[PDB]
Every structure is written in C-alpha cells, then in structure tokens.
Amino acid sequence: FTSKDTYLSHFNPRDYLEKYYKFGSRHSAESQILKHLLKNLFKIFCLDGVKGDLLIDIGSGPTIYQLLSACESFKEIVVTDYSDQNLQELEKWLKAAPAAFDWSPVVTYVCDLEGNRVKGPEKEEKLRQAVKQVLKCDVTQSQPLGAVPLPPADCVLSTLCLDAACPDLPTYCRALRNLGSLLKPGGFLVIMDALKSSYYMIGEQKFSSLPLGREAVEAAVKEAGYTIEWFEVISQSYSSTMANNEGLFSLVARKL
C-alpha cells in the first residue's frame, strides 16, 4: 500500500489538477463527478444549516473546489495536507499567483449554484480572506496537526483523502477518531469519497485506495464516536483509465 513517503516524492500537484480538475466542456467522467461534488457541498453549506466559526479541510491536496461553498458558511478556514508540494500549490492560488492553476470554470459553476449572487472575482476573494492557516497534516497521528494550537472546530471536512491515506479499516477508524479530537461535541464531519476502489491514477503514477463499501464506512463512523445526519451513494464512476471505483458516498455526521 502506498506509503507516506510516496506521497512526498511521487504525488504531482499540477499533474493531478490537470487530470481531475480542469472543468471541461466535453462531458468526461471526471467532470460529471466534480459537478456532483460541487452540488453536495452547495446543498450542505448553503441550503442546509451547516455553518460555524472554524472549518478544517483534511487532505486538501492542491485543490480549492471543496472550500468554495464552505467559505459562505464559516469565518475561518484552515487547510491541511500531508504533502509539502501540495500546500505549495494551494498557496500559489491563495496568493493569486498568475502561475496558480486556473479555477475560474469551477468558480463560475459554484457562483451559478448560489444563484449568480456574486461573480468569480468576489467569490475568490471571499475564500482567500477565509483561509487563515495552511498546515501539515497526518490523519494517522492521534494529533493530526501535531503541535499547532487550534480552538475546537465546528466542522472537519475531508474530500477523497481518507481512502487514499488509510491502509485498512482499523486505520480508517483511527483516522476518523483523530479528526474528532479537532471537533467540538456536536461538531460536523463532512466526508466525500470513492466507493469500492483500490487505486487511482495521476498520469502514469498509481496510488492505492482502500476498497470499502457503504456498510463498512457507516460502521467505522459510528465506532469513532459520531452519529450520521445523512449518507448518500451515487453510481457515477471515474474513467476506467483512472480508477476502479463503483461510486461515491457523501455524508454529514455529528460528534457525540
């Protein structure tokens, strides 16, 4: 199973962004999936009452898509990833470097969902202002953020990280439990991940994925000290050239 070190040495941020996050007019398997992610995080952060002071984004990677709706609902967003190269691609965009991956097609989409109330530039600035901290992360450590002092967060968020980072269920259950120590009692856990997947490709590079189904995930969540507000499962898959998932699940949980 892909080790931590192989995320430091082989995970290619720009490569990954190109492969998965170039909102393309040709209706790819990747595009449709992004569209669906975007719609859930909208429903969760805008339509529903999931809001608060502090959100912690677990396993951010180089990507900002999952923070776009959340920035409407939280004052303070911290972003975390295990890999230094990854945090460096984020910061590019945070700094609005002209070398930063181009997100406007995604920003366009979200602004639409929220009924065009704002424009790309004013959506972007909101996120920029919202992100206070960019930190090293390890979901396997009982203190994932290590030393860094943080108040208890209202919400922990994780998109397609926990599958990537957890070799087994024991460890997967440990990770959730670790995230929970950053969360208030009654705090929000929002996870979105692949169902029944063993690998995913960034270019030529193959990264492991923990193949778990609907049941195992829900079980792991209860064990870690959470109750599930809601749990969703969609058929849509990635291109066969890229991963072997059967679908995706989204959930909102609450800590005890």
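All residue numbers are counted from 1 along the displayed sequence.
Compared against other deposited entries of this protein, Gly247 counts as consistently modelled, with coordinates in all of those that resolve the residues around it and thus below the third mark. Gaps at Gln236 occur in none of the other compared entries of the protein that contain both adjacent residues, all of which model it rather than a third dropping it. Here the stretch with the larger average CA B-factor, out of 157 to 165 and 108 to 116, is 108 to 116. The PDB entry reports B-factors from which the mean C-alpha value can be compared for 99 to 107 and 145 to 153; the larger average falls on 145 to 153. In this entry, the residue among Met192, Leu212, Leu67, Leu38 with the greatest C-alpha B factor is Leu212. Looking at the C-alpha B-factors along this chain, the one for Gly203 belongs to the highest third. Per the PDB record, residue ranking by Cα B-factor puts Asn245 in the lowest third of the chain. Split the chain's modelled residues into thirds by C-alpha temperature factor. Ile33 is in the lowest one. Per the PDB record, residue ranking by Cα B-factor puts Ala220 in the highest third of the chain. Sort the modelled residues of the chain by CA B factor and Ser181 lands in the lowest third.
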